[PDB]
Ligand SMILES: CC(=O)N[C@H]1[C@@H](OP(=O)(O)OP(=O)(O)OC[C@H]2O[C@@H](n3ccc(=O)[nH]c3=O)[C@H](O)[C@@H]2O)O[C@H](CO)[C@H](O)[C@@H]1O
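First comes one chain, alone, set out as structure tokens in the form deposited without this ligand.
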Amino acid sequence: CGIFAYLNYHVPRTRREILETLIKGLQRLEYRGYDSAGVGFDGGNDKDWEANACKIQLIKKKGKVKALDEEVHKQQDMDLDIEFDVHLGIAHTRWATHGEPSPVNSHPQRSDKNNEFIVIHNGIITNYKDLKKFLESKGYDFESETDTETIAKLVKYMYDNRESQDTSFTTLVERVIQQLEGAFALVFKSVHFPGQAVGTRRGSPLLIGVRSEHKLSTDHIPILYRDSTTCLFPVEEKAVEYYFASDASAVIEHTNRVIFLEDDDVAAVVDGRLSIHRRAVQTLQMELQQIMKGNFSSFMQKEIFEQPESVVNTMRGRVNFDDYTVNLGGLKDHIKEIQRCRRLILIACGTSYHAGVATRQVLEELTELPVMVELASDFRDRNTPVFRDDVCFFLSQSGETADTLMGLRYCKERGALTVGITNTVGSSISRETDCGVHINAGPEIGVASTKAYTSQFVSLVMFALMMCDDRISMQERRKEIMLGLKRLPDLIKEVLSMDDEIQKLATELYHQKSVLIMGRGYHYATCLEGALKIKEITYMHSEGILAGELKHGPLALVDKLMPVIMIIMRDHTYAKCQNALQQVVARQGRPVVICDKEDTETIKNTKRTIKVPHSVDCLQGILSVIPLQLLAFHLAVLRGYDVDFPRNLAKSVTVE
């Protein structure tokens, strides 16, 4: 789900300039949820913009944002020419995990048939059923099945029972959040408070961007508790443009000056002045180019072919190849205490969990500690034992995944040392961990993680290299690995140069219903992540099978018709991988083998081979997964699917 609102205070914008700004903001957030969308602006057709703030218009439609962008336009009642000196517009894209993504269930919600209060919500209210029965008895009629409607029908209830004729919009919102349980990020708009917006959060992101050619009155808004030296506003004049949003990608295009709110911070823009109730106006360290497709037809394709660069960025300022030293600044004050601990636990979901499987072996090798890799959802169901001398890693590209974040607080309660491996600065997981590392792979827009996986991979390897930098016996092993990392970017380029060869094989498989991907050792993770990618964007039934497990049942599924992909690399499991290949062939399987270029034996005896360059055994997983990223991509194109917006989900599961 995404939030975006545009408040232009004394900056004349026509009704078209505002709508094209709300739509453009949702496009920046569409990857967080594209099942439905909606906008909320002022209606009426009066030249004097003052006589129009009493009429709220809601345009909501099922589908992606492009379905809403067309619904907004070509309307017979809205005149897109009205100049507004002051105006507020709120927008929202929804990830409909439940029920149908109907316009009635999309946001902004309303509080009545006249739109006196409209709210956009990101999160879940854990007691909306109680709030629904209380509001129904007082005389409020509910229309939608969502939990957001109980927030709109309630802000009006606090308005219908106030004490003074002019209670601030903050007071109303403050009484609402006190009756709301769970997490939420809200942005209000009302006809009673024209131009005023109220943005409160609790367990969900919500920042406020600001732009103005004039000087700002301060850079540290003082949080208040229920004047000219308290609010953020232009000094001499009134020209200012605010940008409420749940992410920074929707605001960077307009300005890089935002104010990240905090839990229970009730921001309020009144008379064009931003004030917080119950901060720091800062510069974003992001360039627009980072969230642009460039010359690629899709974000996912860009993010795959940019892995040579993102790998370099992950190691930048951390790996020195002249003296073979590794230093992760985020762990300098804790590395000593980590080494005195007795166990590593890696906790994550989906592709981030695979990154742990991909590096478990080398972590065991170089730390000599037990390494346990856990799926966050299952980790929580079982109340896994955790102790004070456990070091718990939490791998999360977004840094907001629910099950991973709750697992973190579970481990903190038991006194464990917590470490965050994130791709998002200021995220919940990066803040609430004792320490952490920012993989610094750049923004990931494609729903299917690609560079985030390889960057997590490299990051966990760098940690392993630190944990053994005092072992004489492991010095040569460290050198081998670091020389591999030095050569890794160019080898990734070599893999990407086989893009057309991968595309050809894709034309041989796109019609199939299933594909089994088999590997072991360092490439168990490879066959799991490759199977997940193909599931996610192609919708083929791909499954990863541990090669050593074939003989124990799954091999019965292999015949001449069942597609099979095998991974056979020149590491210590080569002979065993060859035995698995022989078993597949005996069952009449005709598999595609991802192997090393020098593996002449495999290349001669196998028709379809993807020949990747050889790297260090504990790094080869990075090179062996990329062909499967590309394969998943091409298969999706052949089948007529979008690689950036796979069906039935969105990016980052921030609510469970």
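Note that residue numbering begins at 1 and tracks the sequence as displayed.
- Missing deposited residues between residue 278 and residue 279: 10 or more, all without coordinates in the entry.
- According to the entry, the deposited sequence places 10 or more unmodelled residues between residue 226 and residue 227.
- Between 119-127 and 429-437, the higher mean Cα B-factor belongs to 119-127.
- Taking the PDB entry as given, 48-56 carries the higher mean Cα B factor of the two stretches 609-617 and 48-56.
- Per the deposited record, 274 carries the highest C-alpha B-factor of all listed residues (315, 274, 505, 466).
- Reading the B-factor column for the CA atoms of 358, 231, 561, 248 in the entry, the top value corresponds to 231.
- Residue-level temperature factors show residue 141 in the highest third of its chain, judged at the C-alpha atom.
- Looking at the C-alpha B-factors along this chain, the one for residue 632 belongs to the lowest third.
- In the deposited entry, the Cα temperature factor of residue 212 sits in the top third of values across the chain's modelled residues.
- The PDB entry assigns residue 520 a C-alpha temperature factor belonging to the lowest third of its chain's modelled residues.
- Among all modelled residues in its chain, residue 383 ranks in the lowest third by Cα B-factor.
Form solved in complex with this ligand: not shown, discussed below.
- Although the partner is absent here, residue 329 lies within 4.5 Å of this ligand in the entry with it bound, judged by heavy atoms.
- Taking the partner from elsewhere, residue 422 is found to have a heavy atom lying within 4.5 Å of this ligand in the entry with it bound.
- The closest non-hydrogen atom of residue 246 lies beyond 4.5 Å of this ligand in the entry with it bound.
- Using a 4.5 angstroms limit between non-hydrogen atoms, residue 547 is distant from this ligand in the entry with it bound.
- Residue-level contacts in the entry with it bound: of 275, 190, 430, 150, one residue has a heavy atom within 4.5 Å of this ligand, and it is 430.
- The partner is absent here; in the entry with it bound, the one residue of 89, 209, 436, 356 having a heavy atom within 4.5 Å of this ligand is 436.
- Heavy atoms within 4.5 Å of this ligand in the entry with it bound map, among the stretches 194-202, 437-445, 302-310, 214-222, onto 437-445 alone.
- Contacts to this ligand in the entry with it bound (heavy atom within 4.5 Å) from stretch 297-324: 318 only.
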